[PDB]
Every structure is written in structure tokens, then in C-alpha cells.
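> Just passing along the structure, written as C-alpha cells.
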Amino acid sequence: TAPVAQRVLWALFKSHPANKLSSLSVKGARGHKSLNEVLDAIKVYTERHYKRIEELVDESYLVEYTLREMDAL
Amino acid sequence: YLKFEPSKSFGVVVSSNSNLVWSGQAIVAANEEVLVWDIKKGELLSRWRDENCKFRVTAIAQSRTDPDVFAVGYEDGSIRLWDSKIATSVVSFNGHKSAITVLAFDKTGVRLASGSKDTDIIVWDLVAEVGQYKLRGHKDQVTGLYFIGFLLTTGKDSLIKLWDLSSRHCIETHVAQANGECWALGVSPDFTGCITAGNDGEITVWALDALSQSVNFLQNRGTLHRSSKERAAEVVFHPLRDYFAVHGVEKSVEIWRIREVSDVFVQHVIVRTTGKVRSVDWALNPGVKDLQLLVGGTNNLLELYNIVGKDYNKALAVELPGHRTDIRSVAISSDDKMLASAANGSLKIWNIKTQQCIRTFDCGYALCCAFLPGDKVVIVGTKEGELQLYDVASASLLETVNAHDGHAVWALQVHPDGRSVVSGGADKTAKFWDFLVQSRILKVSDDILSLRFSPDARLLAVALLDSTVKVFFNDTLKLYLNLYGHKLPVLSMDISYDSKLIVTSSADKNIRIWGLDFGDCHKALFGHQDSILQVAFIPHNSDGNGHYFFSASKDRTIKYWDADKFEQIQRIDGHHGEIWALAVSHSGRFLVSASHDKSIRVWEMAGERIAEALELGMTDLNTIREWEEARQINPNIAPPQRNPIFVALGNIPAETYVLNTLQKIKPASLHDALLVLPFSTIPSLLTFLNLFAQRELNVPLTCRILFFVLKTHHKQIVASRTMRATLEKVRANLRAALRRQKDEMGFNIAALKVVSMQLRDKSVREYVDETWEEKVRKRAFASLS
Amino acid sequence: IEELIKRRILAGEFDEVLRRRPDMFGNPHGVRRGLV
RNA sequence: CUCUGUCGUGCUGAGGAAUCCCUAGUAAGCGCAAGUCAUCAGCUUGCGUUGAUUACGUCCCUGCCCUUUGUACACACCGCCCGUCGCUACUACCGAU
RNA sequence: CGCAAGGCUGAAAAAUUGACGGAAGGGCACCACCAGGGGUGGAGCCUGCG
């Protein structure tokens with residue numbers, strides 16, 4: 001469910017400006033569910049997913065190499 | 001080793017199970033048989049009784065547009081369809097888990113909705129004999145069904161559910177009672193309104209009218225309240241006039257009229273009945289100006305009341321072919337032609353050969369009955385302490401004697417010579433009545449539960465409350481011996497024809513066999529799951545089997561035992577209540593058994609898997625592209641006609657099907673399966689990878705199997721030709737998908753960095769002092785070495 | 001012999017040597033070596 | 001066992017269905033020695049000698065064991081297995097005492 | 001030496017933790033597949049087992 005969470009998180013960030021999400025004050029922010037730890041968890045898991053997709057793109061240039069070989073033939 | 005079989009069964013009009021139907025016939029439910037009476041003359045028309053089934057019947061429904069076909073719902077969960085022309089079951093439906101409780105028919109009668117106590121409602125087709133579908137809502141049991149197509153139901157979780165039928169999911173729900181239970185449902189015949197009867201005596205009233213928006217169909221137009229605050233059993237509407245009848249399980253039926261909702265509905269009349277009514281039903285007779293309300297009581301009777309529309313009169317009643325409360329004793333004649341049955345409130349004596357009642361008396365309570373020889377007079381010992389005497393041939397009461405003061409005569413036995421009777425009571429004494437004049441009494445330690453004589457009138461045997469048996473001599477009442485070893489008090493006893501055996505039935509769920517010389521227990525044999533009420537020997541050893549005996553218990557069973565070889569020879573089922581009394585014939589060829597049932601009875605490859613799924617998807621793609629060309633030419637009717645596996649899996653796309661068959665396999669098996677896949681199967685896989693990357697889903701899985709395909713076939717791809725076209729398509733689609741996903745996650749991580757820095761700037765510090773020592777996650781990470 | 005086997009199995013007492021932990025000396029509590 | 005000569009298939013015939021065992025100094029042949037408080041001379045156990053064919057893969061068949069709870073943390077991967085009942089708690093129902 | 005050493009008697013449960021399965025996936029096996037080899041089983045002798 002990482003792609004659907006990343007896409008609706010992208011929609012959330014593109015909808016609301018940074019000052020609102022930084023000055024977000026909700027009464028249920030205590031301990032492990034406060035805003036710092038929530039944004040830290042989201043950020044670090046997004047870092048892992050981004051590293052995976054970067055390795056996938058770099059490995060995905062193989063198809064351009066194969067099409068270049070078939071263009072040579 | 002002759003066994004026993006059910007041959008006769010009688011003494012019953014409508015049971016305490018629900019749902020009476022009228023047709024001028026009344027169709028009611030006896031225990032396992034559905035029987036139809038005339039109300040005018042008391043002779044029943046017919047009985048519907050099936051040899052394959054034993055379970056009790058508890059829901060009846062008449063099909064509309066075709067009477068002489070009926071739907072009955074039993075206790076095991078089965079439904080049968082009967083005919084009134086011929087008494088057979090044409091179709092049987094075994095769909096539910098337990099206890100069908102509410103039936104309903106369509107207006108056209110082709111469709112049948114049955115709701116159970118196992119909370120499933122299942123709708124049934126009647127031309128294909130297939131369970132159509134299974135509607136699934138309802139926290140607990142469904143108490144009301146109706147066909148509005150549409151279905152309207154209500155359950156014991158106090159919810160009315162309005163279901164659709166074209167799309168088998170619920171359209172509406174509403175909650176009828178806030179903290180109670182909706183107990184009954186009544187629909188107007190024109191579908192304008194529905195009233196639901198709840199636990200407090202409150203009747204809620206709803207109006208009906210005749211998906212992406214707010215659908216609103218049922219509207220709580222108001223609440224009503226009846227007079228009695230009981231759990232309301234039914235609400236029945238008049239099919240023709242403007243009335244309905246509301247009743248709970250009580251002695252009143254409240255008929256209200258249709259003209260705030262309290263102004264719309266006013267009580268027309270309140271009908272008192274003599275017994276607690278279980279199910280009311282409506283009847284309209286051709287040529288009368290009245291309301292024939294047909295009530296069927298729990299106390300074993302039908303009553304037809306006439307209600308005048310714009311008072312009640314007890315017009316018709318059926319009470320002669322049944323005892324009205326509960327049979328406590330049976331005693332059958334010396335000529336074995338007639339028997340007597342003694343119930344609370346009544347004596348009714350019957351003929352065996354015709355199974356039809358002949359005489360009726362009224363007594364207060366009837367513990368023990370036995371007739372005197374010559375079968376002219378009968379003896380009844382009652383709960384109030386007395387002994388009444390009646391006679392058959394003139395049908396009258398001769399004598400009454402206060403045997404004990406207020407202590408119930410628990411045992412009555414006639415002498416085998418026939419000149420004396422013995423009554424053992426709930427007092428300590430047991431009295432002897434010679435004919436009647438009191439001859440000798442016997443004072444003993446506790447209350448005498450059961451006493452019996454010997455067939456050669458030599459020794460007597462009382463059976464106390466002290467869990468013991470005292471066997472005395474008959475001439476002088478000296479203690480011959482006493483039998484012990486019963487954990488709970490003895491309920492009954494029967495001793496053998498030659499007086500060499502006693503069986504002794506206790507409340508500790510076993511029977512004992514004593515030898516009656518020295519009184520040694522032959523074998524204590526635990527044979528019933530509940531406290532064994534009664535035992536009886538067959539008296540004649542003319543047939544070579546005089547040491548056999550029957551035992552009837554609270555677990556709805558009779559058992560035929562052999563005392564010589566100490567072995568149960570038969571188990572007699574067929575009773576649906578705690579069997580109170582039984583008796584055997586003097587010839588011994590049949591026996592009668594009278595229950596709590598109120599029915600007395602008479603007994604005589606992974607790679608190959610993904611490859612075939614690839615081929616299925618490929619044929620689906622070709623059919624869909626041909627259908628696209630057809631619908632582009634003209635909007636005419638063109639069916640794609642895909643695979644039954646796809647239209648059974650639910651019209652999923654071929655992409656979704658082949659994605660699931662690639663997702664199901666574990667990753668090592670995925671590596672081996674894609675290795676085993678041949679190059680004839682590769683191009684279809686490459687088209688489906690193009691489809692995945694186009695409609696992006698599982699991009700890491702798509703790229704994984706794509707790079708495995710290219711690396712394990714790199715020379716063959718660069719030598720072939722059509723792979724250029726489809727690989728160019730998959731390159732464009734995969735690069736677009738990867739760039740889109742990567743740019744979205746990059747925007748996310750950049751925004752999270754920005755908002756984290758802003759939150760740090762909010763968090764930093766307010767005060768400034770000399771101590772900046774005020775301005776980190778830590779994990780534990782144990783390790784053994 | 002058969003009744004002896006049935007008695008031991010029912011009121012089950014078996015004389016097999018049981019698998020003991022190899023670090024019962026230094027780690028007597030048997031803590032788990034991960035997140036704590 | 002190796003080498004050299006003399007004669008040449010001549011009651012002078014290598015075990016059916018089944019069933020079992022066996023993967024390297026193993027199968028199989030051969031002799032020599034001992035006789036160890038139980039067993040063993042109708043044999044037992046050692047000891048040397050000669051020494052192959054064919055598998056050394058796979059869970060397809062027949063099975064056996066185990067995962068679906070735990071027992072460690074990074075990379076990396078997976079992603080709520082399914083049924084018939086019991087027991088417990090609560091809720092209302094049924095009908096006798 | 002004292003107690004043990006007096007017969008409602010007469011042979012053949014536990015459970016919020018339990019009872020039984022199924023499907024998928026692994027591991028192993030000359031009591032499995034595969035490739036071969038060798039016994040026994042045919043005649044006679046005899047220990048032993050029934």
C-alpha cells in the first residue's frame with residue numbers, strides 16, 4: 001500500500017501549504033503520535049521506497065540497451 | 001427379537017409452534033406433521049407426514065396465485081412443498097443450518113424467501129430447484145419477511161433491512177427499537193405501510209413509497225403502543241378490509257382499525273380468549289358480513305371468532321380431538337380396545353382402533369389414573385389430595401374421597417385380583433381402599449413417590465423420597481426387604497410377571513434390576529441422558545419375551561431392554577417432549593406413550609499454471625479488441641462472451657487475473673516458473689507486462705519479471721523482430737510509470753524535509769537564560785554474546 | 001508391558017532427556033537478543 | 001593370480017510369480033586364523049587379498065518430518081491461510097415445577 | 001504392643017489454554033522415483049521359528 005499512501009500524501013502536500021502542516025495543532029498529539037514522530041516515520045519510510053525506485057530506474061535502462069541492439073540489427 | 005414401529009399418533013391439535021394458515025379449512029402444525037381440519041365439523045381433513053423426516057415443523061406458508069401448494073419450514077432447517085390435492089412433498093430444500101422461522105412467497109409464487117434462526121435468509125427458485133442466493137445482514141435472528149423486486153425484513157437486533165433483489169445487497173436499514181428488539185412485522189397489502197411490534201408493547205409505524213445519491217425509502221412516521229406489555233408474537237393484516245390484529249403470547253388479541261399516527265390507528269376491539277394464543281390468522285368466508293379471526297392457542301385448541309366491523313362471540317372451536325393442557329397419565333383397558341388419558345384439567349378416553357375420542361370428564365389435576373376391572377369405572381388421584389371416581393358407560397362421577405388432606409396421590413395401583421386399590425400420597429402414609437372403604441393404612445418414613453404390586457398378589461413395593469425402595473409382604477405389612485443404592489429418589493418401578501425381577505427407575509439417570517429373592521442388584525445400567533420417568537414390563541410371557549421392559553425418560557426417548565441378557569434391544573425415538581407417561585398392553589402387542597409433546601402415540605506446476613493463465617488472458621484480449629471494433633462500427637448488441645471462469649470470478653480484467661496468478665506464487669517459485677516458461681509463452685507475458693506498466697500496478701513485480709525475462713532471453717530477443725514493437729511499447733510505458741512514481745515520492749520527501757525544518761523552528765526555545773543545557777531517539781538492541 | 005505403556009502415556013511421565021539451552025550458565029533468564 | 005604346453009560341449013544345464021536388500025575400498029569372489037563368563041561348531045567373529053557397473057539428481061509416484069506461533073536487528077522479500085465444533089461472558093426466546 | 005484394620009455395597013475430567021481436519025509451501029528417504037547390481041524363491045542338507 002506504499003504507492004497509494006505516497007499518492008494521496010502527494011495530493012495532501014500539493015493541496016495544503018507548508019505553514020499549515022507545520023503549525024498543525026491537534027489535541028491528540030502526545031508521545032509516539034505527536035507531529036514530529038509522525039512526520040519522521042513517514043519521511044524515513046518514504047526514503048526507503050525512494051531508494052528502491054531509484055535502483056529500479058537504474059536497472060530499467062536495460063530495455064533501452066536491448067532496443068539499441070535491435071536498432072543496430 | 002421383534003422390534004417396535006410407530007403406527008398411530010393422535011391427541012393433538014395445533015402445537016405451540018407458530019404460523020396458522022386458513023384456506024373453510026384451518027391448516028395448523030402438529031409436531032412433525034402438518035394437519036388440516038374443518039372448523040365446522042371437527043373431523044380433520046388430512047395429515048401431511050413424511051417418513052424421511054422426524055424434526056418438528058414450525059413455519060407454514062400458503063402460496064399466492066396457487067393454493068393446494070404449501071411451504072413448511074422445519075426445525076432442522078429444511079423446507080418442504082406439499083400439495084393439498086395429494087399429500088406428498090414435491091420438492092425439498094436443505095439450505096439452512098438451523099430452525100427455519102419465517103416464510104414468505106412472491107406475488108407470482110415463483111420465488112420463496114425463508115429466514116432462519118441461524119440468521120440467513122435464503123431465497124429459492126421454484127422452476128429450477130436451485131438455491132438462488134443468500135442474503136446476509138442481521139446480527140441475530142430474522143423475525144419478519146415480506147416481498148415488496150424488493151424484500152423487506154426485520155430481525156431480533158431491532159433492525160428493518162430493505163434489500164434489493166436485482167443486486168443482492170441491502171438498500172436501506174433502519175433501527176426500529178432503540179434498546180429493545182423488533183419482534184413482529186405486518187405489511188399493508190397495498191405496500192403503503194408497515195408496522196413493527198417491539199418488546200415494550202410499542203408498535204412502530206413506517207411508510208413505504210412505490211443509488212449514488214441519498215436513497216430514502218422507509219420513514220418512521222410515528223410510534224403506537226398497545227395495551228399489554230408483552231413480547232408481541234404477530235401482526236396480521238386483513239387482505240381485503242382495513243383492519244389488523246396484533247397479539248403477543250397471552251390471552252388477548254387486539255384488533256385495530258385503519259381509518260398523527262395515533263389518530264390514524266384506533267383499537268377496534270380487544271378479544272379475550274380462554275387460553276394463551278400462539279398464532280392468530282385471518283379468515284374471510286364467502287357470503288358473510290363479519291371478520292373470521294382464527295386464533296390458535298398454546299393450550300391445544302383452535303377458535304374461530306366473529307368480529308363485527310362497524311364485539312366478539314366464541315363462534316367455533318375445536319377442542320374434542322385433543323387434551324387441552326398436558327397428559328400426565330395413561331391407562332389402557334383390559335380388553336385393550338379403549339384407553340384413558342388423564343391430564344391437568346381433564347379426563348379424555350379414546351378408542352385405539354379408530355384413534356378418536358369417545359368420552360370426556362373434568363377433574364382438577366390428574367396425577368394418576370387407573371380403571372377398575374370390568375372397565376366400567378375409572379379412578380383418578382389428584383394433586384389436591386383426593387381420589388375421584390368416574391364411569392365410562394354412563395359418563396359420570398360416582399364418588400369422591402379425601403384420601404390425603406392436601407397431599408398429591410403420587411401412586412395408584414389396582415389389586416391383581418381386582419377388589420382393592422392402593423393410593424400412596426405426598427404425605428407419609430399410603431392407604432388401602434377396598435370396594436370404596438378404607439381397609440388398612442401404612443405409615444412410612446417419607447413421601448411415597450411410586451408403589452406397585454406383584455402380578456401374583458404376594459408382595460408390595462413402595463418407592464420413597466429417601467432414594468430407597470421398601471418391598472413389603474401383601475398380607476401383613478412386614479418389611480420383606482429394602483433396596484438401596486440410588487443416588488436420587490426413585491421415580492418408578494415395575495416388577496416381573498413371575499415376581500423374580502424388579503426394575504427401578506430413578507432420577508439419577510439410571511435403572512436398576514433386582515432379583516427379588518435376596519434383592520441383589522443384577523446390573524445397574526446407565527441408559528438415559530436424563531432422569532428416567534417410568535418403566536414397564538410386558539406382562540404376557542405367552543410370546544416368549546416376558547423379561548423385557550420399556551423405560552421412558554426426560555431425554556425424549558423410550559428404550560426397549562432385555563433383563564435376561566441385560567441388553568438394550570431397541571431405542572424408540574419420535575417424541576419431541578419430555579415423555580411423562582407410558583403404558584403397555586395386557587396382550588403386550590402395542591404400547592401407548594404420552595409426552596410433553598401433547599401427542600400420545602401407539603407403537604406396534606507453477607510455470608504451467610501461469611502459462612495457461614497467460615493463454616486465457618490472451619484469448620480475452622483478442623475478444624475484447626474485436627468487441628471494440630464492433631462497437632466502433634455500430635452501437636448494436638455485441639456480447640464479448642468471455643470465459644465462464646471470468647464471469648464466475650466476477651468479470652475481472654484479464655490483467656487483474658494474470659496479476660493475481662503472478663502474485664500468488666512465492667518469489668523463489670516465481671524465479672523457477674519464469675525460468676521454465678518457454679519462448680512461445682514469452683511474448684504474451686511481454687504484452688501483459690506492457691498492460692501492467694500502462695495501468696500501473698505492482699511496478700516492482702513488473703520490473704522484476706521483466707528484467708528476468710530479458711536477461712534469461714537476451715540473445716533471442718535481439719534476434720527476433722516483433723519483440724522490437726512490443727518492447728518499445730513496454731519501454732515507453734515502464735519509463736513513464738517509473739518517472740511518475742519517482743517524482744511523486746521525491747516531492748513527498750522534499751515536502752517532509754521542509755515541514756520538518758519548519759516544525760523544528762517552531763519547537764526551538766522561548767526563554768533565554770544562562771542555561772542552554774536544556775537544548776533524540778534511542779533504541780535498546782540487546783545482544784547475547 | 002502394554003499396560004505400563006498406557007499408564008505412562010495417560011499420566012504422561014517420559015524418561016527422555018530434554019533439550020536444554022546451551023547458554024544456561026551465562027544467560028539464565030533467556031533474554032531475547034533484539035529490540036528491548 | 002601370471003606364463004607355457006595336451007584334449008575339445010560329451011544327465012560329463014544358474015532357478016517363475018512375487019518379495020527383499022544395496023551407492024566406493026560399497027556389491028561380489030577368495031582363502032587363513034581364532035572360539036574370549038551371554039550367543040556360536042549344523043556355526044560364530046576376526047583378518048588379509050582381488051575389487052567393478054550404475055545413481056550421486058528430483059520431490060513427479062509412495063511415504064516421513066515440518067512450517068501457517070514464538071527463538072535476533074541491518075540489506076532484501078513477504079503481507080491479515082481455510083473448515084467443523086467445544087469452553088467462557090452477555091443478551092433475549094421456549095415450556096413444565 | 002498400639003494405629004492402620006468396619007461394607008448406600010454386589011467384576012467387565014479439564015478448556016478464554018480443548019477435539020479433529022483441508023490447502024499451500026518446504027526438507028528428507030535404496031522402508032521413494034530414476035539407472036543398475038545382488039539375494040531368496042527351482043533340486044538336496046540342516047540349525048532355528050510356527
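A note on labels: chains of the C-alpha cells are A, B, ... as shown, every chain counts residues from 1, and ligands are counted from 1 in their shown order.
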Residues of chain D near chain A: apply a cut-off of 12 Å, count only C-alpha atoms (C1' of nucleotides), and supply the list as an MDAnalysis selection string.

chainID D and resid 75:76 79

> Go ahead and save the picked residues with C-alpha atoms (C1' of nucleotides), as a PDB file, in the first residue's frame.


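Contents of out-v8.pdb, freshly written:
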```
ATOM      1  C1'   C D  75      20.177  -5.032   3.497  1.00  0.00           C
ATOM      2  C1'   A D  76      16.428  -7.590   0.848  1.00  0.00           C
ATOM      3  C1'   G D  79       1.891  -9.426   3.526  1.00  0.00           C
TER       4        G D  79
END
```

> Set the cut-off to 8 Å and count only C-alpha atoms: what are the residues of chain A that reach chain B? Output as a ChimeraX atom specification.

/A:3,6-7,9-10,13,18-19,21-23,36,39-40,43,46-47,49-50,53-54,56-57,60,62-64,66-67,69-70,73

> Could those residues be written to a file, using N, CA and C atoms, as a compact mmCIF listing (two decimals), in the first residue's frame?


```
# COMPACT_ATOMS: atom_id res chain seq x y z
N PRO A 3 2.40 2.64 -2.67
CA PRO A 3 2.06 3.59 -3.74
C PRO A 3 0.80 4.40 -3.48
N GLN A 6 1.68 7.01 -0.87
CA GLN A 6 2.51 8.07 -1.43
C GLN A 6 1.71 8.98 -2.35
N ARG A 7 0.74 8.43 -3.09
CA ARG A 7 -0.04 9.27 -4.00
C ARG A 7 -1.00 10.18 -3.25
N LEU A 9 -0.57 11.12 -0.21
CA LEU A 9 0.28 12.06 0.51
C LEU A 9 0.78 13.16 -0.42
N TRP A 10 1.02 12.82 -1.68
CA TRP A 10 1.37 13.82 -2.69
C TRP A 10 0.22 14.79 -2.91
N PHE A 13 0.10 17.11 0.21
CA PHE A 13 1.12 18.15 0.21
C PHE A 13 0.89 19.18 -0.89
N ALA A 18 2.90 24.62 3.40
CA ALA A 18 3.78 24.06 4.43
C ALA A 18 3.52 24.67 5.79
N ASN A 19 3.05 25.92 5.83
CA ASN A 19 2.88 26.60 7.11
C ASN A 19 1.73 26.00 7.90
N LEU A 21 0.73 22.76 7.67
CA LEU A 21 1.14 21.44 8.13
C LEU A 21 2.24 21.53 9.18
N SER A 22 2.91 22.68 9.28
CA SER A 22 3.88 22.85 10.35
C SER A 22 3.22 23.36 11.62
N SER A 23 2.28 24.29 11.50
CA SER A 23 1.55 24.81 12.64
C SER A 23 0.31 23.99 12.96
N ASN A 36 5.99 15.50 15.27
CA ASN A 36 7.40 15.23 14.97
C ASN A 36 7.62 13.76 14.63
N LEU A 39 5.75 12.67 11.31
CA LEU A 39 6.43 13.09 10.09
C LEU A 39 7.78 12.42 9.93
N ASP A 40 8.43 12.06 11.04
CA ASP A 40 9.68 11.31 10.95
C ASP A 40 9.45 9.90 10.41
N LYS A 43 8.64 10.15 6.72
CA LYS A 43 9.82 10.54 5.95
C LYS A 43 10.78 9.38 5.76
N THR A 46 9.41 6.77 3.41
CA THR A 46 9.43 7.29 2.05
C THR A 46 10.85 7.29 1.48
N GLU A 47 11.85 7.51 2.34
CA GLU A 47 13.25 7.39 1.92
C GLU A 47 13.57 5.98 1.45
N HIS A 49 11.39 3.72 0.24
CA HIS A 49 10.69 3.48 -1.03
C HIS A 49 11.36 4.20 -2.19
N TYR A 50 11.88 5.40 -1.94
CA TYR A 50 12.54 6.17 -2.99
C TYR A 50 13.86 5.52 -3.40
N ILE A 53 12.95 2.68 -5.72
CA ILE A 53 12.55 3.06 -7.07
C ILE A 53 13.73 3.63 -7.85
N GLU A 54 14.74 4.17 -7.16
CA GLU A 54 15.92 4.66 -7.86
C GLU A 54 16.77 3.51 -8.38
N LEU A 56 15.49 0.70 -9.17
CA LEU A 56 14.70 0.12 -10.26
C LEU A 56 14.87 0.88 -11.56
N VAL A 57 14.94 2.22 -11.51
CA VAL A 57 15.14 3.00 -12.73
C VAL A 57 16.51 2.73 -13.34
N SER A 60 16.45 -0.33 -14.96
CA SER A 60 15.50 -0.32 -16.07
C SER A 60 16.05 0.27 -17.34
N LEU A 62 18.19 -1.18 -18.97
CA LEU A 62 18.50 -2.37 -19.76
C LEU A 62 17.59 -2.50 -20.98
N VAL A 63 16.35 -2.02 -20.88
CA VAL A 63 15.42 -2.13 -22.00
C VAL A 63 15.83 -1.18 -23.12
N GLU A 64 16.35 0.00 -22.76
CA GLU A 64 16.89 0.89 -23.78
C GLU A 64 18.14 0.31 -24.42
N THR A 66 18.67 -2.95 -24.87
CA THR A 66 18.22 -4.02 -25.77
C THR A 66 17.58 -3.45 -27.04
N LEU A 67 16.83 -2.35 -26.90
CA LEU A 67 16.26 -1.71 -28.08
C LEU A 67 17.34 -1.08 -28.95
N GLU A 69 20.32 -2.42 -29.29
CA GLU A 69 20.92 -3.55 -30.01
C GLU A 69 20.03 -4.00 -31.17
N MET A 70 18.72 -4.01 -30.96
CA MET A 70 17.82 -4.37 -32.06
C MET A 70 17.78 -3.29 -33.13
N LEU A 73 20.66 -4.06 -35.22
CA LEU A 73 20.29 -5.11 -36.17
C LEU A 73 18.96 -4.80 -36.85
```

> Compile a residue-level contact table for chain C against chain D at a cut-off of 12 Å, reporting for every qualifying residue the shortest atom pair and its distance in Å to one decimal, with only C-alpha atoms (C1' of nucleotides) counted, rows ordered by chain and ascending number, as CSV.


```
residue,atom,partner,partner_atom,distance
C:21,CA,D:71,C1',11.1
C:30,CA,D:71,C1',10.1
C:31,CA,D:71,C1',10.1
C:32,CA,D:72,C1',7.2
C:33,CA,D:72,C1',5.0
C:34,CA,D:72,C1',4.8
C:35,CA,D:73,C1',7.0
C:36,CA,D:73,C1',10.6
```

> Residues of chain B were defined as contacting chain D if any atom lay at most 8 Å from it, counting only C-alpha atoms (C1' of nucleotides); please report them as a list in words.

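Every residue of chain B that passes the 8 Å test is in residues 596, 667, 781 and 783 of chain B.
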
> Save out the residues we just selected, N, CA, C and O atoms, as an mmCIF file, in the first residue's frame.


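Writing the result to out.cif gives the following:
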```cif
data_model
loop_
_atom_site.group_PDB
_atom_site.id
_atom_site.type_symbol
_atom_site.label_atom_id
_atom_site.label_comp_id
_atom_site.auth_asym_id
_atom_site.auth_seq_id
_atom_site.Cartn_x
_atom_site.Cartn_y
_atom_site.Cartn_z
ATOM 1 N N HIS B 596 -44.749 -34.591 26.892
ATOM 2 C CA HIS B 596 -44.872 -33.145 26.955
ATOM 3 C C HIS B 596 -45.165 -32.552 25.592
ATOM 4 O O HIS B 596 -45.561 -31.387 25.488
ATOM 5 N N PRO B 667 8.371 -16.033 -4.067
ATOM 6 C CA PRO B 667 9.371 -15.474 -5.008
ATOM 7 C C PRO B 667 10.375 -16.461 -5.590
ATOM 8 O O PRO B 667 10.759 -16.315 -6.761
ATOM 9 N N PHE B 781 18.449 -2.704 21.766
ATOM 10 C CA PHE B 781 19.307 -3.597 20.977
ATOM 11 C C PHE B 781 20.184 -4.507 21.839
ATOM 12 O O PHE B 781 21.404 -4.389 21.872
ATOM 13 N N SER B 783 22.011 -8.016 22.831
ATOM 14 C CA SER B 783 22.790 -8.951 22.025
ATOM 15 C C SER B 783 23.487 -9.901 22.981
ATOM 16 O O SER B 783 24.044 -9.458 23.987
#
```

> Considering only C-alpha atoms, tabulate each residue of chain B that lies at most 12 Å from chain C along with its nearest interatomic pair and the corresponding distance in Å to one decimal; arrange the rows by chain and ascending residue number and present them as a tab-separated table.


```
residue	atom	partner	partner_atom	distance
B:778	CA	C:36	CA	10.9
B:779	CA	C:35	CA	7.2
B:780	CA	C:36	CA	5.2
B:781	CA	C:35	CA	4.7
B:782	CA	C:33	CA	4.7
B:783	CA	C:33	CA	4.5
B:784	CA	C:33	CA	5.7
B:785	CA	C:33	CA	9.2
```

> At a cut-off of 9 Å, using only C-alpha atoms (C1' of nucleotides), what residues contact stretch 114-126 of chain B? Leave out same-chain residues fewer than 3 positions from it and give the result as a PyMOL selection string.

chain B and resi 73+77+79+91+93+95-105+109-111+129-145+155

> Could you write out as a list in words the residues of chain E within 10 Å of chain B, counting only C-alpha atoms (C1' of nucleotides)?

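Those within range of chain B come out as residues 8, 9, 10, 24 and 25 of chain E.
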